[PDB]
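S.K.: Encoded as structure tokens, here's the structure I'll be asking about.
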Amino acid sequence: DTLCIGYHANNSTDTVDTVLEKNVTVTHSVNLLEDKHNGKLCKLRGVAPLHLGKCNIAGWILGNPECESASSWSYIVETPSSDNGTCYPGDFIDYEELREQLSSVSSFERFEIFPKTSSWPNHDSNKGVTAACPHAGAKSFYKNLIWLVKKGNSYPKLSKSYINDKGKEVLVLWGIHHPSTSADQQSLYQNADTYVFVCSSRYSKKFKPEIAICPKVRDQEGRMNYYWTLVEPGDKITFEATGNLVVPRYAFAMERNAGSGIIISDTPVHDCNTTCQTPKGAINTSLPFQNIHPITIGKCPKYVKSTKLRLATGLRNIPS
Amino acid sequence: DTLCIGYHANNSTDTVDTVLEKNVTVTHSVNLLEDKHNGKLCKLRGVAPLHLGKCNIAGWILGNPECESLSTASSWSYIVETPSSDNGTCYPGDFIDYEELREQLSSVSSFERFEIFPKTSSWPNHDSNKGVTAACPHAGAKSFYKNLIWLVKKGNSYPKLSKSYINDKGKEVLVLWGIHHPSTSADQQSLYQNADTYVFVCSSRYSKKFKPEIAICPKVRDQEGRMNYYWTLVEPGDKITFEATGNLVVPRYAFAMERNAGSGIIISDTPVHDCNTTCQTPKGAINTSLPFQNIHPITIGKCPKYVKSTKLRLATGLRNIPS
Amino acid sequence: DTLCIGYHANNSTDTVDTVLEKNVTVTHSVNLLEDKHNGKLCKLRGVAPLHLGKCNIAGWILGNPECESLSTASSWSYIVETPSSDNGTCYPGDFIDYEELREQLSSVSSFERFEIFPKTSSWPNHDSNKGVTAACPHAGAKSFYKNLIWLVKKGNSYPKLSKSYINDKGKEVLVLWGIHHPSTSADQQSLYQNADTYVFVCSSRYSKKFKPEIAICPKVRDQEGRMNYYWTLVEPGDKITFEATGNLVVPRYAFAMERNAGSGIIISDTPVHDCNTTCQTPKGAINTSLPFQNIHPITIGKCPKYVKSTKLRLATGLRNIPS
Amino acid sequence: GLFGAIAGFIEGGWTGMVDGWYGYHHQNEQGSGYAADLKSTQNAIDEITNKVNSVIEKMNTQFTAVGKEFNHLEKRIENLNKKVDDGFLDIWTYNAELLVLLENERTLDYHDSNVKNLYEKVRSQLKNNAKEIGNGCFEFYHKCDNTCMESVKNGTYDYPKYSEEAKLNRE
Amino acid sequence: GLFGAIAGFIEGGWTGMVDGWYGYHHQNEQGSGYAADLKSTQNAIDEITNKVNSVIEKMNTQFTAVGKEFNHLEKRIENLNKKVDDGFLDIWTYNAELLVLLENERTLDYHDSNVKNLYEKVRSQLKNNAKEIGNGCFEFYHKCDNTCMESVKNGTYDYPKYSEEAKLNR
Amino acid sequence: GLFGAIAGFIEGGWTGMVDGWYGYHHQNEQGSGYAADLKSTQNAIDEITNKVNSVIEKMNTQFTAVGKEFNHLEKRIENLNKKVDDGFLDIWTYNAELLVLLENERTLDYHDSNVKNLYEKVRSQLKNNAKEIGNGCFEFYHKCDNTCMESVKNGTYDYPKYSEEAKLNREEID
Ligand SMILES: CC(=O)N[C@H]1[C@H](O[C@@H]2[C@@H](O)[C@H](O)O[C@H](CO)[C@@H]2O)O[C@H](CO)[C@@H](O[C@@H]2O[C@H](CO[C@]3(C(=O)O)C[C@H](O)[C@@H](NC(C)=O)[C@H]([C@H](O)[C@H](O)CO)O3)[C@H](O)[C@H](O)[C@H]2O)[C@@H]1O
Ligand SMILES: CC(=O)N[C@H]1[C@H](O[C@@H]2[C@@H](O)[C@H](O)O[C@H](CO)[C@@H]2O)O[C@H](CO)[C@@H](O[C@@H]2O[C@H](CO[C@]3(C(=O)O)C[C@H](O)[C@@H](NC(C)=O)[C@H]([C@H](O)[C@H](O)CO)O3)[C@H](O)[C@H](O)[C@H]2O)[C@@H]1O
Ligand SMILES: *[C@@H]1O[C@H](CO)[C@@H](O)[C@H](O)[C@H]1NC(C)=O
Ligand SMILES: *[C@@H]1O[C@H](CO)[C@@H](O)[C@H](O)[C@H]1NC(C)=O
Ligand SMILES: *[C@@H]1O[C@H](CO)[C@@H](O)[C@H](O)[C@H]1NC(C)=O
Ligand SMILES: *[C@@H]1O[C@H](CO)[C@@H](O)[C@H](O)[C@H]1NC(C)=O
Ligand SMILES: *[C@@H]1O[C@H](CO)[C@@H](O)[C@H](O)[C@H]1NC(C)=O
């Protein structure tokens with residue numbers, strides 16, 4: 001009569017590594033490394049990204065004619081070929097900071113801050129168009145700004161204020177135009193020596209035209225610089241100018257959302273939820289580690305450049 | 001006759017988690033998680049913090065009347081502002097590179113306030129009394145910062161002023177100044193006469209030209225005008241020169257100082273106290289006997305590592321089987 | 001009659017620490033801590049560093065007379081300055097975005113100095129010879145940066161200057177210029193004739209208008225005036241335009257280059273040698289076999305992780321007990 | 001292995017014991033077969049499960065948007081940002097790999113220990129009544145039907161009841 | 001668990017033994033009692049203290065002011081800073097949690113091992129002058145008085161001294 | 001030690017045994033000598049080397065220029081940078097030290113385990129035919145010659161073929 005003590009064996013072929021030995025065959029094991037993604041750009045928090053298509057944030061926010069663009073989004077997606085941005089050449093001041101701050105919002109509403117109907121009685125608001133910003137083959141301009149110009153050989157000093165009665169922050173953007181020549185200066189704004197001044201309770205800046213013949217960009221030798229600021233609720237912002245001012249027409253009442261970001265990718269958007277987004281696709285896993293992509297948005301596994309993290313659960317498999 | 005081998009058991013109700021099973025009762029254990037503080041803001045490495053009370057750094061470093069400006073402390077380990085430290089720039093305007101100044105003043109050794117341009121003798125050709133405003137009230141009356149002087153036209157002529165200082169101290173000298181921007185051309189003239197003015201400031205390393213920017217801005221503290229604040233650090237051997245035909249708010253007091261590696265600024269209602277620590281938290285001070293800490297992520301000093309854990313107790317004894 | 005089971009012992013005096021007991025003598029062991037270097041600055045990835053000698057990056061790139069502009073390599077893996085590398089901007093002034101430039105030149109795969117605006121033909125209506133100073137002395141005479149030309153009026157006049165360069169190089173071209181600020185209106189007229197001047201620079205990406213800021217600033221290398229330095233990278237196919245009525249220190253030589261990601265600047269007296277390394281330290285290179293090192297935290301390349309350990313000895317044999 | 005049983009003096013596993021992780025094989029008059037030790041097996045599943053859950057559930061990370069955008073004049077902070085991502089990369093890659101290598105060795109040792117403990121428990125019940133015929137097998141010096149076999153698998157084996165008979169079979 | 005002794009073939013602990021981690025219960029001609037084993041208990045205390053100190057003392061902490069202030073136009077570096085703190089937070093929380101879980105397991109194994117080794121040690125001295133009666137108990141074949149119990153404990157048991165007598169009772 | 005052999009019931013090591021980590025010392029009519037168990041010694045070598053290599057080769061590092069330069073008005077990001085470098089320092093230093101402490105304990109435990117396993121393997125073979133006289137030594141109840149001795153070392157000891165002789169010597173001393 002005999003009694004034998006022994007352990008389980010099976011048809012398992014799974015291998016794991018130990019500090020002492022590599023490629024040990026065990027009866028049972030579990031993977032700790034997430035290496036699968038769904039190839040999609042999904043909703044975070046149950047909220048869709050803002051997808052700008054062939055436009056970049058500059059084109060969308062200024063209202064470039066090729067961009068007609070929700071009241072909420074969890075992050076922003078641009079394509080590698082999102083070229084339609086600032087169609088009139090010039091510097092977009094603090095552009096990356098603006099993009100970061102528009103990356104996620106809980107509330108976003110465009111509104112005519114300075115109604116083109118009655119805002120500018122002493123200036124021409126119908127000539128500010130350009131081949132640099134075409135629409136339907138004809139000269140046009142940004143939808144959210146107005147390129148004011150003299151009427152009847154006179155450009156009176158302008159002074160305009162807006163009081164923020166939106167229960168939240170207001171994003172106001174404006175431009176400063178710099179002619180290539182003094183003839184163009186006079187032709188556009190009459191006055192030769194001009195300024196623009198913009199001030200709220202926080203913000204304050206004075207602008208001067210910088211006239212010169214610069215290299216042609218989109219066939220323009222002149223330039224247009226773009227500026228923005230966030231006006232707090234209850235606060236007033238004032239514009240003063242004797243020329244060269246591209247005035248706000250549409251601004252944005254908004255509620256900013258913390259720490260999201262921007263994805264630049266051809267990956268298609270889709271109606272699914274994820275807790276962790278990659279530019280290659282979404283990741284839905286309970287696993288602690290991940291080797292899909294270092295650049296992620298959400299509550300994600302940690303990125304590692306491992307290709308195998310297999311945890312043994314069972315014992316060494318010895319069928320014999 | 002028997003002899004039994006065994007292990008200890010006690011009344012201990014302490015529990016620990018092991019990778020194999022949770023909530024195991026053991027005979028003895030110790031906590032690796034610092035989860036207690038003293039609710040005080042303490043001297044860091046023997047050196048007290050600078051508590052600004054109802055003032056912020058701007059108000060303190062400038063002469064804001066509501067601020068004390070002290071005085072016997074030539075050194076501090078960090079700075080404390082209260083969540084209700086509103087008194088700063090009483091005349092609305094921009095304080096350029098303000099956060100940088102705050103970081104750079106967070107910890108200094110030696111800190112000497114001194115009248116870089118004596119009020120009585122410095123400005124014989126300009127009026128150094130009219131420069132007050134309801135924006136910076138003092139005891140109800142119109143006043144101004146203590147560390148700056150707002151010069152205006154004396155009689156009806158603002159002569160080009162030129163004033164220079166050589167750092168005779170054996171340390172960096174922090175110099176602050178302002179540029180006033182009237183709301184109207186009418187005010188420019190009444191103030192400085194000249195209408196078209198400039199201000200120029202330069203050392204060996206620094207050089208900036210200012211020009212007044214006149215416009216009616218929204219009223220802040222009842223002021224439509226503005227006043228921008230600027231600063232710089234003059235090296236030990238260096239000289240700094242000021243030149244203006246108007247609109248300059250001249251330094252009256254500057255600051256000799258030696259800056260340390262760099263601490264930080266705590267904004268908290270926690271009281272400051274006569275205690276000593278090696279790790280300071282906005283909630284209070286903690287000991288540095290344990291490697292981890294869950295009091296607060298934002299610390300100053302040589303601190304345990306902040307973790308999210310609620311307990312981290314390590315077994316020293318064995319499984320408690322009193323049965 | 002007996003058989004015994006036992007374990008090896010030897011003359012080893014090596015100790016290791018275990019979590020349970022310190023200084024356990026063991027029969028065999030290895031060190032995981034790299035604690036030695038070769039006292040050399042070496043080639044990184046088969047490419048030598050750029051050693052600037054007594055010059056810093058400012059002096060080298062502007063072409064300060066005491067710096068070598070004729071034989072710099074066509075590529076390098078990092079840059080080395082010595083702690084005393086003094087020769088930089090001999091004419092005083094601000095060098096705008098200097099740290100960024102340093103960073104961006106840290107490692108280059110291709111680098112060609114060429115004459116963007118040849119001196120003999122570019123400036124027929126201006127004086128390209130009198131632009132010298134005792135601030136930048138050379139072979140016993142007033143001189144100036146080799147890569148710039150300080151244009152002055154020819155005869156009694158300084159006509160409007162307007163000139164452009166089209167980058168037909170296969171790559172980015174680094175262009176540097178200066179803006180001169182005289183200390184007096186008289187120096188302004190003596191130099192440029194015109195009292196009220198401007199400089200304008202613009203490419204497709206870059207645009208800036210400059211205005212002389214005239215004032216007597218503290219003397220530096222005998223200069224009360226100032227000269228500010230600027231730069232931009234002109235992308236291939238783009239144009240950069242220069243326009244001025246005075247005060248423009250014009251580009252003469254520029255640098256076609258291809259930048260390599262990252263890398264850095266080592267500031268050390270440690271000599272350069274014909275050695276190849278994968279990890280450089282300011283005090284010498286190290287081997288990347290082991291996972292940890294205590295030589296220096298500031299390294300370049302693929303390096304062991306820096307630690308404050310003095311020893312990480314790993315037991316391999318067993319406890320050594322010879323008796 | 002650490003405890004010398006698995007892949008040790010017990011040289012192979014049993015596919016015949018699909019019943020569980022550890023157990024016995026007996027043979028006597030009333031038959032023979034593979035029976036898993038339910039107690040020890042179950043305890044191990046419970047403990048190895050907690051192990052796996054620990055490694056996983058303990059991660060619990062902060063919500064983060066990793067990517068950042070810097071312009072052509074922000075190369076320094078851009079490389080500082082890369083330094084942060086790369087440092088985290090090196091930390092997690094090294095620690096994840098070592099975690100698996102070390103814990104895999106410990107898991108194997110664990111199973112080995114469980115087997116050893118089982119075998120030693122039997123060996124200590126019988127002492128003289130059986131002999132150790134190697135490969136983790138015990139041969140009784142006396143008849144041991146089911147009621148006796150189940151007894152040993154209960155830790156309630158009656159040494160005295162068989163001590164006399166067992167004495168004889170040692171020629 | 002891992003060494004089979006604690007909660008194993010010695011099913012429970014002794015509340016009665018109040019002066020050490022591992023010890024003895026004796027019961028002879030002149031009374032019974034619990035008595036800690038000093039050599040093994042003190043060694044364990046020394047080794048567990050070394051362990052606790054190691055986990056604590058190896059923690060180097062650079063002087064650091066964690067907090068930063070960025071203005072409304074520095075959101076990117078503000079967020080970068082956040083990623084740093086949060087990054088450090090996930091690394092230290094995960095590693096602290098696993099360290100404690102893992103080492104606690106080891107500490108318990110450690111005690112179990114100590115109890116095992118102690119039982120084995122006494123079993124070695126006794127040889128067959130006593131019987132193994134289970135639950136970590138030895139039954140002496142000879143008359144083992146106090147001075148005998150003392151000598152078994154302190155490892156200086158005199159085998160041949162009682163070898164004859166014990167052999168008698170069988 | 002965890003397994004109670006090294007520095008335990010086997011009190012000391014053998015300077016005499018110079019060709020291996022673990023082994024045997026025999027003594028009989030034909031004399032005495034030290035012999036290292038070559039198979040278990042070699043297994044331990046391979047496994048320890050793999051341990052050493054894993055701790056080293058799992059460290060793969062990114063190309064990085066650690067140094068950064070900030071001007072006098074960039075103190076905040078300079079301090080952010082320093083916090084990053086200091087953070088990596090504190091994480092790597094702590095993990096390095098603890099790695100070495102814990103793995104050193106495991107390596108010593110490992111050797112101990114091997115020794116104990118070698119002891120049980122022999123004890124298992126000898127069964128009745130020998131006596132355990134402590135200090136890791138077995139005193140045979142029969143006459144064990146070089147050939148006999150050898151069969152124990154390589155695991156081919158024939159218990160039955162000595163039991164009869166053993167039983168008599170066994171009982172006289174028992
Ligand atoms: C202000 C203006 O119309 N400038 C054009 C200039 O007109 C001269 C005029 O200023 C002067 O008083 O009299 C002389 C007569 O000798 C000229 O008539 O003439 C230049 C040469 O043709 C033009 O340059 C061309 O501009 C082109 C772009 O035209 C548009 C544009 O599409 O952007 C047409 C728009 O209607 C106009 N917008 C507004 C609001 O007036 C703009 C605008 O002038 C500029 O964008 C402002 O900088 O120009 C191409 O750029 C072409 O390559 C270029 O030669 C001046 O446009
Ligand atoms: C060329 C020269 O020597 N200029 C000096 C100037 O003389 C003027 C003269 O050139 C002109 O024709 O007529 C006017 C009056 O109508 C003057 O007589 O006078 C200034 C006042 O004494 C001098 O200022 C001194 O400059 C010194 C530095 O000398 C250098 C220098 O090495 O930096 C000499 C260089 O030749 C000169 N370079 C050029 C291109 O002109 C520079 C340059 O003027 C300055 O760097 C511009 O900022 O100056 C000392 O700095 C001394 O302290 C100062 O008074 C002119 O040197
Ligand atoms: C995502 O979750 C939200 C609620 O949080 C829900 O409205 C939506 O249906 C979910 N999306 C999908 C595709 O399941
Ligand atoms: C001081 O602070 C109080 C409360 O914020 C404020 O109302 C008052 O105007 C301040 N005084 C000055 C001079 O700043
Ligand atoms: C130990 O033995 C080796 C081998 O002969 C010998 O070379 C060496 O001198 C000894 N070790 C030391 C450090 O003395
Ligand atoms: C120097 O060695 C490194 C790797 O260690 C390699 O990248 C480099 O190519 C070597 N030098 C050359 C020019 O081969
Ligand atoms: C070079 O540096 C030395 C100081 O080391 C200085 O005296 C000399 O003037 C410098 N030359 C130039 C042209 O910068």
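Chain lettering (A, B, ...) mirrors the order of the structure tokens, residue numbering begins at 1 for each chain separately, and ligand numbering begins at 1 in order of display.
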Could you please select, counting only C-alpha atoms, the residues of chain B within 8 Å of chain F and state them as a PyMOL selection string?
M.R.: chain B and resi 97+100+103-104+262
S.K.: Could you list the residues in chain E lying within 10 Å of chain C, using only C-alpha atoms, and format the result as a compact mmCIF listing (two decimals) with C-alpha atoms, in the first residue's frame?
M.R.:
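The file below, selection14.txt, is the result:
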```
# COMPACT_ATOMS: atom_id res chain seq x y z
CA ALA E 44 15.32 38.08 15.74
CA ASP E 46 18.16 42.57 16.34
CA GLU E 47 17.43 41.50 12.76
CA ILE E 48 13.91 42.93 12.60
CA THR E 49 15.16 46.23 14.04
CA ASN E 50 17.82 46.27 11.33
CA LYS E 51 15.08 45.70 8.75
CA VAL E 52 12.88 48.51 10.03
CA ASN E 53 15.86 50.87 10.22
CA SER E 54 16.97 49.93 6.70
CA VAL E 55 13.61 50.71 5.12
CA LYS E 58 17.99 54.39 3.16
CA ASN E 60 17.65 60.05 0.97
```
S.K.: Which residues of region 219-273 of chain C come within 12 Å of region 202-206 of chain B, and what is each one's closest atom pair and distance in Å (one decimal), counting only C-alpha atoms, sorted by chain and residue number, as a tab-separated table?
M.R.:
```
residue	atom	partner	partner_atom	distance
C:219	CA	B:204	CA	7.3
C:220	CA	B:204	CA	6.6
C:221	CA	B:204	CA	10.2
C:222	CA	B:204	CA	11.4
C:223	CA	B:204	CA	10.1
C:224	CA	B:204	CA	9.3
C:225	CA	B:204	CA	10.5
C:226	CA	B:204	CA	9.5
C:227	CA	B:205	CA	11.7
C:228	CA	B:205	CA	11.3
```
S.K.: Nearest to chain F: which of E:101, E:118, E:17, E:149 is it, counting only C-alpha atoms?
M.R.: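 So, comparing all the options, the nearest one is E:118.
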S.K.: For each of D:87, D:20, D:160, D:155, take the minimum atom-to-atom distance to chain F, counting only C-alpha atoms, then give the residue where this is smallest.
M.R.: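 Distance minimum relative to chain F lands on D:87.
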S.K.: Tell me the residues of chain E close to chain A, meaning within 12 Å using only C-alpha atoms, as a list in words.
M.R.: residues 71, 72, 73, 74, 75, 76, 77, 78, 79, 80, 81, 82, 83, 86, 87, 90, 91 and 94 of chain E
S.K.: How would the residues just chosen look if you wrote them out with C-alpha atoms as a short mmCIF file (atom, residue, chain, number, x, y, z; two decimals), in the first residue's frame?
M.R.:
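Contents of again-v3.cif, as written:
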```cif
data_model
loop_
_atom_site.label_atom_id
_atom_site.label_comp_id
_atom_site.auth_asym_id
_atom_site.auth_seq_id
_atom_site.Cartn_x
_atom_site.Cartn_y
_atom_site.Cartn_z
CA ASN E 71 0.68 83.18 -13.94
CA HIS E 72 -2.30 83.00 -16.31
CA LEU E 73 0.05 82.78 -19.28
CA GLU E 74 2.14 79.89 -17.98
CA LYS E 75 -0.47 77.13 -17.95
CA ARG E 76 1.75 74.77 -19.91
CA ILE E 77 4.61 74.79 -17.41
CA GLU E 78 2.10 74.82 -14.58
CA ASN E 79 0.71 71.59 -16.00
CA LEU E 80 4.21 70.25 -16.66
CA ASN E 81 4.95 70.89 -12.98
CA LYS E 82 1.75 69.06 -12.06
CA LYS E 83 2.87 66.07 -14.17
CA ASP E 86 1.79 63.51 -9.86
CA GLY E 87 4.45 61.34 -11.48
CA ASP E 90 2.29 57.47 -8.39
CA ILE E 91 5.81 56.08 -8.19
CA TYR E 94 2.83 52.19 -5.66
#
```
S.K.: Have a look at C:190, C:162, C:294, C:263 and name the one nearest to chain A; count only C-alpha atoms.
M.R.: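 Among the listed residues, the smallest separation from chain A belongs to C:162.
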S.K.: Let me have all residues with an atom within 7 Å of ligand 6, counting only C-alpha atoms and all ligand atoms, laid out as a ChimeraX atom specification.
M.R.: /C:44-47,276-278
S.K.: Any chance you could export the current selection's N, CA and C atoms as a short mmCIF file (atom, residue, chain, number, x, y, z; two decimals), in the first residue's frame?
M.R.:
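The file below, result_29.cif, is the result:
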```
data_model
loop_
_atom_site.label_atom_id
_atom_site.label_comp_id
_atom_site.auth_asym_id
_atom_site.auth_seq_id
_atom_site.Cartn_x
_atom_site.Cartn_y
_atom_site.Cartn_z
N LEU C 44 31.38 61.47 -28.38
CA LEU C 44 30.10 60.90 -28.00
C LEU C 44 29.44 60.36 -29.25
N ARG C 45 29.26 59.04 -29.31
CA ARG C 45 28.73 58.38 -30.50
C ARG C 45 29.67 58.53 -31.70
N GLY C 46 30.97 58.55 -31.43
CA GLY C 46 31.97 58.61 -32.48
C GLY C 46 32.27 60.01 -33.00
N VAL C 47 31.65 61.01 -32.38
CA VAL C 47 31.83 62.40 -32.80
C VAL C 47 32.40 63.25 -31.67
N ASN C 276 36.33 57.33 -27.18
CA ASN C 276 34.91 57.23 -27.49
C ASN C 276 34.13 56.71 -26.29
N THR C 277 33.03 57.38 -25.97
CA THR C 277 32.22 57.04 -24.81
C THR C 277 30.74 57.09 -25.16
N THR C 278 29.90 56.50 -24.32
CA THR C 278 28.46 56.61 -24.52
C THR C 278 27.83 57.43 -23.40
#
```
S.K.: Compute the set of chain A residues within 9 Å of chain F, using only C-alpha atoms, and express it as a PyMOL selection string.
M.R.: chain A and resi 18-22
S.K.: Save out the residues we just selected, N, CA, C and O atoms, as a compact mmCIF listing (two decimals), in the first residue's frame.
M.R.:
```txt
# COMPACT_ATOMS: atom_id res chain seq x y z
N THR A 18 12.08 34.35 -14.26
CA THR A 18 12.34 34.63 -12.86
C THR A 18 13.75 35.18 -12.80
O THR A 18 14.51 35.05 -13.75
N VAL A 19 14.10 35.77 -11.67
CA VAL A 19 15.42 36.36 -11.51
C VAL A 19 16.51 35.31 -11.71
O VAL A 19 17.59 35.62 -12.20
N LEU A 20 16.21 34.07 -11.35
CA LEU A 20 17.20 32.99 -11.42
C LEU A 20 17.19 32.24 -12.76
O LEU A 20 18.21 31.68 -13.16
N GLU A 21 16.05 32.23 -13.44
CA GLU A 21 15.91 31.42 -14.65
C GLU A 21 14.92 31.99 -15.67
O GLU A 21 13.86 32.50 -15.30
N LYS A 22 15.26 31.88 -16.95
CA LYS A 22 14.41 32.39 -18.03
C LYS A 22 13.56 31.30 -18.68
O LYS A 22 13.91 30.12 -18.65
```
S.K.: Show me, as a count of residues only, the residues that have an atom within 6 Å of region 118-130 of chain D when counting only C-alpha atoms, minus same-chain residues fewer than 2 positions from it.
M.R.: 7
S.K.: May I have the residues within 8 Å of ligand 5, computed using only C-alpha atoms and all ligand atoms, as an MDAnalysis selection string?
M.R.: chainID C and resid 10:13
